Structure formats: C-alpha cells, structure tokens
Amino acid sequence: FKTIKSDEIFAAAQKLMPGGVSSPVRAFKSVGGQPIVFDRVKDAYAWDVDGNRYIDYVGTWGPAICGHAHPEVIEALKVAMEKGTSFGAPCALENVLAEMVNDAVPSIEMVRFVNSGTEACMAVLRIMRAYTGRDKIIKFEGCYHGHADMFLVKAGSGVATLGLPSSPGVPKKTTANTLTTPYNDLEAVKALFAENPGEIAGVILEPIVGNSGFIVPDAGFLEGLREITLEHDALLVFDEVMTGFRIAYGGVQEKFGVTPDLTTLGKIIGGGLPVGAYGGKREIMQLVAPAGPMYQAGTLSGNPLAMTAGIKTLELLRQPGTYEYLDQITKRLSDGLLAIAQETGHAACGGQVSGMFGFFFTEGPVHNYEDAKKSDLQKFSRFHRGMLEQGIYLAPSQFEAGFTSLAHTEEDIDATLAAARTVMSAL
C-alpha cells in the first residue's frame, strides 16, 4: 500500500496552511496521522493521487447523496455557466429553489439563502434572540452547529475528535449566554428553565445527532422538548444541515412527526457547491432585512450556479423508491458490521436510519456524548487503517457518522463486509 504522492503534497501543505488542511476534520491526527490527497471522485468511489481506489462512505461529508459527479448535475452546470456564474442581482432560479424547499420542509414557509451551514446557524441564532427578546440559548453537549462564537461550548465534530476544550479567543461574556445539558436528558432541560424564568430564547439541536457518533433520540425526547418550549414561549430550532434531505425528503422533522419553529439547511441543498439556508414560521422570517430590522447579507448568496445544482439534486431525490433503497442497503451494512464484531469477539454497537449510520467499539448502548467517549479509540484507529488498505474509505474519527448514496451497489456493500471481516479478524 503506497501513499508516496500524498505524503509529498501533505508535507508541502503544512508550510502553507495551518495543519496542512482547510478544515481540522481532515486531520487524521486521532487515527495515526497522514491523510490521503484525493485526485477525483465519481459515483461511490474516490481515487488517490497515487492511483488507489476506494468505496467512499464519507461522501464529501454529506452532499454526495446522489453520488459523486452525477451526470445530470454536471450537464446542468455546464449549460448554466455560459450565462455567467454570479449576477449580484435577483434571478429567476432563486424563486424556483425557494418553492421546492417550502414544499419539502414542514416548518419552512419563508426561506433565505446563505453560503454555508455556519452562516445559516449564525443567522438563526441572531433571529431567535431578536424575535423573543431573550438572550440565553440552550445547546446539547456533543452537538455541533458551525463555529460562531456562542456555539463553541462542548461542541462535537473536530473538537471532540481532537480533544480540544472550549475554544479561546471568544469573550466569556458572550459564552455566558450559552446553557448546556446532556443529550436525551429531558429532566436536565426542565431544571434549566426552572432556574432561568423569562431568559431562554429557545433550544437548538441535531434532531438526530451525527457529530459525536450516530445517536438517535429516546422515545418522547423530541416531543418533550416541543412541549416545554411551548410552555415558556421559547423557540424550538432544528439544525438539519446534515439530516435534511437524507433521513427523509423533509428531514427528521418529517419522519418523526415533530414540527420546530425554525430549521437550518446545508450540504445536500448545494449539490456539491457552497450553499446554506434558514427558514421557518412566516411571522418570524418577517424580521429579516430588507423586510425587517435584522440585517444579514451576502455577496454570492443565491448565485445561479449554486441554485442550479440544488434544484437538480432535489429533483433526483423526488423520484420514487429513493429513500427505500437507502434504508435497504444501509441496514444490511449496519447489521453486517455488527454480526462481524460478534463473531470475531469484539464489543460493539450501532444503528442506522435511512442513509446515515454509526459503529462504536463499546457495548453501550450509546445514549449521549458521555457514553460515546467510552469507545476504544485505540482499536478504532487500527480498524480505520486496516479498512483503508483493503480499499474502504471511512471518516477519520470515531465521532463522525458515515454515509451511503444512491450510487452505492449491493456489490459494493458485500465488498465492504468482506473487507471488515478480514480487518477485524486481525485485530
């Protein structure tokens, strides 16, 4: 297994960029160091600058639900750019994508496009406070909503993987407004309200956690949060940047039947280009400028290229059988992995919902971020390297969920299992 070309690129990259990457998540530090540099991607595969081919389960971290370089998305982009990539003025495509989002997500009646998930979470945070007139926010330990100052408190994703503390450079007076609590703990949430009458703007969370391993909500947890937020006139916000259009066309809120007041979107809406969005109850969105007093702008927001990519991606997802195929092949992958740990003598546990899954090296079960930190990170590191050599590409972290796409085949799944068998037997 040669990675000569990647080490060269990476070695030179560390002199030009912090840690040689554009995002900490691409580090590989907690998994043995030395990342592989990609040359190209297509359907369910990725290729090294060294020629190695892999069955990809990261999917550029979520966007590639239709598979990499889907031919209908690329053809639509070629035709579109002939007309220019950015106008800086209104265009017909913004109206089209807007309607599609409103019909798809239950809580969204009015939307606003931005360029990333971080931009979407920052804006919804500022709108939560502006609408209720309150300053405090409640977030769960292990969840991640981009890097806006108030959110850098007990965050998951890279921070967890890298074992970092609440980031420095952010004034203690701003983080004082951020209240935390364990995931799946309704009682802890009631206490917070009890001790802070008239101060909580609302609650923000990942309807189904993906940034501290794959975690599903306990029975009654989402319904419970919806109940107590109504009691105290607080807002319930769903960050579906990762789950939107993946767990279901209308996201987790559609699948589990609970409707929030505001929800965020990203990744898949961009079909591969930089895009984000936030929308919800009309009476709330009315406060956004130029309709209202809360200012929020963006130069490239709503450019024709990105709109074109989002439109085409949602049309493909609307075809019948889409979400059923995703559940079918992902369940077979999840169950298989669990059966194999069992036979080789390894404690493990996991699960899947649609095309999202998780696999921990601990017997658990896993109900929160604390249970997850009990996984054998030493074993996971060896497991990850072994898979990489057998030609399977997994997220370089025990705290990241994995993904499948419409381009993954029954054969690709079987090949992944055969590879898991070989690796685990030698652990």
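Quick note: we count residues from 1 along the sequence shown, nothing fancier.
Colleague: State which stretch shows the higher mean Cα B factor in the entry: 172 to 180 or 123 to 131.
Modeller: The recorded data point to 172 to 180.
Colleague: Using only the Cα atoms and their B-factors as the entry lists them, report which of 368 to 376 and 41 to 49 averages higher.
Modeller: The stretch with the larger mean CA B-factor is 368 to 376.
Colleague: Among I268, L97, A76, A348, which residue carries the highest C-alpha B-factor recorded in the PDB entry?
Modeller: Of the candidates given, the C-alpha B-factor peaks at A348.
Colleague: Kindly indicate the residue among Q286, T85, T313, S157 with the greatest C-alpha B-factor in the PDB record.
Modeller: Going by the entry's C-alpha B-factors, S157 comes out highest.
Colleague: What third of its chain's C-alpha B-factors does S397 belong to: lowest, middle or highest?
Modeller: Middle third.
Colleague: Can you tell me whether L235 has a C-alpha B-factor in the lowest, middle or highest third compared with the other modelled residues of the same chain?
Modeller: Lowest third of the chain for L235's C-alpha B-factor.
Colleague: Would you mind checking where the Cα B-factor of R226 ranks among the modelled residues of its chain, as the lowest, middle or highest third?
Modeller: Within its chain, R226 is a middle-third residue by C-alpha B-factor, going by the deposited values.
Colleague: Mind checking which third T404 falls in for C-alpha B-factor across the chain?
Modeller: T404: CA B-factor falls in the lowest third of its chain.
Colleague: Thinking about Cα B factors across the chain, which third does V21 belong to?
Modeller: As the PDB entry reports it, the C-alpha B-factor of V21 lands in the lowest third of its chain.
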